[PDB]
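Data block below; observations after.
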Amino acid sequence: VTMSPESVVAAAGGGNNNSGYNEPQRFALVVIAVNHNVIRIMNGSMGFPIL
Amino acid sequence: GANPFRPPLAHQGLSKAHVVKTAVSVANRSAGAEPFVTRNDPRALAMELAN
């Protein structure tokens, strides 16, 4: 991932009043994935045969 | 007139052939049976992972 000049200039504080970046800004990256899975119901119990 | 009033003979009564208001028939609703979703946890089983 390549970030933006707006982000790199907002990271530094010193902005005027009601500018939002009056304080230095810290960022964190989050990644989520969605996957399939198989569930087997037998004998009154459940589990993942493939895992 | 052969019509005395003294005899307390109140006959036998009167047969209620029918009732003025019919009795509605409601639908029968039973309850739980032998497998009525009860907790017993005898085994708890053991599902070995295939892979």
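Here's how to read the names in the structure tokens: chain A, B, ... by the order shown, residue numbers from 1 in each chain, ligand numbers from 1 in the order shown.
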Exercise for the section: Write down as number ranges by chain the residues of chain A whose backbone DSSP state falls under strand (DSSP E or B). Expected result: A: 40-42, 45-47
Those residues with N, CA, C and O atoms, as an mmCIF file, in the first residue's frame please?
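Result went into again-v8.cif, see below:
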```cif
data_model
loop_
_atom_site.group_PDB
_atom_site.id
_atom_site.type_symbol
_atom_site.label_atom_id
_atom_site.label_comp_id
_atom_site.auth_asym_id
_atom_site.auth_seq_id
_atom_site.Cartn_x
_atom_site.Cartn_y
_atom_site.Cartn_z
ATOM 1 N N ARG A 40 -20.233 -30.406 9.534
ATOM 2 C CA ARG A 40 -20.929 -31.684 9.470
ATOM 3 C C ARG A 40 -21.687 -31.920 10.767
ATOM 4 O O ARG A 40 -21.108 -31.836 11.856
ATOM 5 N N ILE A 41 -22.977 -32.217 10.647
ATOM 6 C CA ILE A 41 -23.847 -32.494 11.782
ATOM 7 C C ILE A 41 -24.129 -33.989 11.802
ATOM 8 O O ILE A 41 -24.736 -34.525 10.865
ATOM 9 N N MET A 42 -23.693 -34.665 12.862
ATOM 10 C CA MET A 42 -23.940 -36.095 12.984
ATOM 11 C C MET A 42 -23.850 -36.500 14.447
ATOM 12 O O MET A 42 -23.053 -35.949 15.211
ATOM 13 N N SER A 45 -23.605 -34.069 17.387
ATOM 14 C CA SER A 45 -22.436 -33.218 17.549
ATOM 15 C C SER A 45 -22.083 -32.601 16.204
ATOM 16 O O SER A 45 -22.538 -33.050 15.149
ATOM 17 N N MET A 46 -21.256 -31.561 16.254
ATOM 18 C CA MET A 46 -20.842 -30.836 15.065
ATOM 19 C C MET A 46 -19.344 -30.580 15.109
ATOM 20 O O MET A 46 -18.732 -30.553 16.180
ATOM 21 N N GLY A 47 -18.765 -30.389 13.931
ATOM 22 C CA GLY A 47 -17.344 -30.116 13.826
ATOM 23 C C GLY A 47 -16.983 -29.825 12.386
ATOM 24 O O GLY A 47 -17.819 -29.909 11.481
#
```
Distance limit 8 Å, atoms considered: only C-alpha atoms. Which chain B residues sit that close to chain A? Return them as a compact mmCIF listing (two decimals) with N, CA and C atoms, in the first residue's frame.
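Writing done, so here's iface09.txt:
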```txt
# COMPACT_ATOMS: atom_id res chain seq x y z
N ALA B 44 -20.97 -36.58 24.89
CA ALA B 44 -20.27 -35.37 24.46
C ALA B 44 -19.37 -35.66 23.27
N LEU B 45 -19.25 -36.94 22.91
CA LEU B 45 -18.58 -37.41 21.70
C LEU B 45 -17.12 -36.99 21.60
N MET B 47 -14.87 -35.90 18.12
CA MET B 47 -14.74 -35.79 16.67
C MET B 47 -13.26 -35.61 16.34
N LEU B 49 -10.16 -34.94 14.09
CA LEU B 49 -9.97 -34.14 12.89
C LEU B 49 -9.38 -35.01 11.78
N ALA B 50 -10.01 -34.95 10.60
CA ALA B 50 -9.56 -35.80 9.47
C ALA B 50 -8.31 -35.19 8.83
N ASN B 51 -8.14 -33.87 8.95
CA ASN B 51 -7.00 -33.20 8.28
C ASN B 51 -6.88 -31.76 8.76
```
Exercise for the section: Find the residues near residue 29 in chain A: any atom within 12 Å, counting only C-alpha atoms, skip ones fewer than 5 places away on the same chain, and give them as a ChimeraX atom specification. Expected result: /A:1-3
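Going from CA of residue 6 in chain A over to CA of residue 31 in chain A, you cover 21.8 Å.
With CA of residue 7 in chain A on one side and CA of residue 27 in chain A on the other, the separation reads 9.1 Å.
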Practice task
Considering only C-alpha atoms, return as number ranges by chain whatever protein or nucleic-acid residues lie within 12 Å of residue 11 in chain A, sequence-local ones (same chain, fewer than 6 positions apart) excluded.
Solution key: A: 3-5, 20-27
